[PDB]
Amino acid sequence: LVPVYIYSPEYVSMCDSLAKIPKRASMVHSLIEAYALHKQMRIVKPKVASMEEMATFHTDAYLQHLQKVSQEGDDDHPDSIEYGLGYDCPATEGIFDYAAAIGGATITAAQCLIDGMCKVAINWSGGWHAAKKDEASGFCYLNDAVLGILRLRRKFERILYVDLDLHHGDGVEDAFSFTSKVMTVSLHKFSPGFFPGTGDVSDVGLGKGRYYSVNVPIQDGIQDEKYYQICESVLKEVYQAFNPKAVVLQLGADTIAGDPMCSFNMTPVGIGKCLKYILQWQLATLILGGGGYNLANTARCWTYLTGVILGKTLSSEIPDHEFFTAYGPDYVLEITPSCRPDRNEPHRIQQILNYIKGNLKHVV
């Protein structure tokens, strides 16, 4: 019954190497350990994904390319652009190994859920929801989330994927847009010019998967209360109509106030309520991380959320640890919302919640 925590000194070390989020993995684990939360979880060393496992979603052409440029970090290969490598996804050397490590980590987590070893499995270094079968995207080289869902499909009939990252979980939605066995629900910022550009409330999936994709477009400045209202309202309807047997939850912390992307204005507490609502379902749940570009805040958030998973209330004072100075000058766990407008007009949110409730009536 005790939560599984996917961890390994070598794993964290590899994650610390990702271009867009250096050292973040260490800070996250470090703060979690500093709060002694790892002592209340079952630590499981992750296995690296095999070429075969990764190939259950990603094409051989793409995988071969990734592995090739990963050799010595060839960031000048002429075919990389077609495979999504570039500014957002540089071909840093060893990247294939890191991607395989992250994919393996999420797969290990799903396997633990399948083996009844736990009801909740955590992989804070996962959540790279933007990767396509044959293309890297949005700091994502491999879609571990998809790999995890595929693995869970071996035992569970219906998987509910909930993406609370700031960005649309397009990669995952994509992978299952034609499936009715996996439903994807994503809350994200939707505004012309904002990556990835997809995920409007009108996007509901294709073919047999029509209506099995849910998108909640949100504007800048949303805070804890309104956000939870939206999330709860949508999740209540989804649960009722889809009746999932397992859940994969992505919790990108780039929605938290203080993030350099400065879009949403959430605090770990608001995301916590969403987490609690999903956990009260008592289903096998695979917890993933994702975005989060204010490193200290991301660690603050996932540490707090780990506490929520453990039903513990953490001390407000950041305990001394390797990265203590990174929590100055207040040195506290709580995060305060920024003093800026919530651009979300109530009537629009209402409009969106209904359009969704309508779409869900078709799910039987």
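Numbering starts at 1 and follows the sequence shown.
Peer 1: Averaging C-alpha B-factors over each stretch, which comes out higher, 124-132 or 238-246?
Peer 2: Higher mean C-alpha B-factor: 238-246.
Peer 1: Mind pulling up the entry and telling me whether 327-335 or 291-299 has the higher mean Cα temperature factor?
Peer 2: Per the PDB record, 327-335.
Peer 1: Just say lowest, middle or highest third for the CA B-factor of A91 relative to the other modelled residues in its chain.
Peer 2: Its C-alpha B-factor, which the entry lists for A91, ranks in the highest third among residues of this chain.
Peer 1: Ranked by Cα temperature factor within the chain, is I21 in the lowest third, the middle third or the highest third?
Peer 2: CA B-factor rank for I21: middle third.
Peer 1: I309: which third of its chain by C-alpha temperature factor?
Peer 2: According to the entry, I309 has a C-alpha B-factor in the chain's middle third.
Peer 1: Rank-wise, by C-alpha B-factor, drop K208 into the lowest, middle or highest third of its chain.
Peer 2: It falls in the top third of the chain.
Peer 1: Split the chain's modelled residues into thirds by Cα B-factor; is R154 in the lowest, middle or highest one?
Peer 2: Its C-alpha B-factor belongs to the highest third of this chain's values.
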